[PDB]
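Okay, so here's just one chain, in structure tokens, the form deposited in one PDB entry.
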């Protein structure tokens, strides 16, 4: 909205004290009221926009198998057929701060969430990552309980959370998520 610089100062103040945690995850999720999911149409529109516009970005794809057991998220690798082949990550996600972001009418809703993922149901995640600088666009096709949903979120990529997550970086995260939020149809 061009004055989202104002709301980024409030975000920085609320999560400044958490930057020292080495396992900080900072995410902006797209959704609708809150279910962090977009339509398959808009999912393909967002994918086309990001595949075309960022020339200096990198991309990868990974097919995952997540299981929530005793509060710990067990991440499994997958074969060509898509069945779990060995566990690759044991993580527990603790949520530190979360607030939804005001978006224009008709746009997708935005959920800002600061989390911690400390190393230690069934979700098959077909995730496509496009990494432009300090921003990772995660387009996932999640099947949980026999339902396929399309998730889009922007993650923070940092070498130093303390040195690099600044108020300026939060402004750009809002501007980038809002560009995708206004792609709702």
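Here the rigid core means the biggest group of C-alpha atoms that line up within 1.5 Å when the two forms are laid on top of each other. Positions refer to the first chain, counted from 1. Only residues modelled in both forms are compared.
Figure legend: residue 69 is marked as unmodelled in at least a third of the other comparable entries of the protein. Per the records, residue 161 is among the residues left out by at least a third of the other compared entries, whereas the shown structure includes it. The modelled chain breaks after residue 33 and resumes at residue 34, leaving 4 to 9 residues of the deposited sequence without coordinates. The segment from residue 120 to residue 121 is interrupted, since 10 or more residues of the deposited sequence in that interval carry no coordinates. The stretch 14-22 shows the higher mean C-alpha B-factor when 165-173 is compared against 14-22 in the entry. Across the two stretches, 83-91 and 105-113, the PDB entry reports the greater mean Cα temperature factor for 83-91.
The entry assigns its greatest Cα B factor, within the set 131, 48, 68, 141, to 68. Split the chain's modelled residues into thirds by C-alpha temperature factor. Residue 78 is in the highest one. In the deposited entry, the Cα temperature factor of residue 150 sits in the middle third of values across the chain's modelled residues.
In the deposited entry, the Cα temperature factor of residue 63 sits in the top third of values across the chain's modelled residues.
There is also a form deposited in another entry; it is not shown, and the following applies to it.
For residue 58, a C-alpha deviation of 2 angstroms or more is recorded between this form and the one not shown after rigid-core alignment.
Comparing the forms between this form and the one not shown, the C-alpha position of residue 18 differs by 2 angstroms or more, with the core used for superposition. For residue 8, the Cα coordinates differ by 2 angstroms or more between this form and the one not shown after the core has been superposed. Relative to the displayed conformation, the Cα-Cα distance from residue 98 to residue 57 grows by 3 Å or more in the other entry. By 3 Å or more, the C-alpha separation between residue 18 and residue 138 grows in the other entry relative to the form shown here. For residues common to both forms, superposing the rigid core between this form and the one not shown reveals consecutive runs of 3 or more with all Cα shifts of 2 angstroms or more at 1-22, 56-58, 157-160, 183-185.
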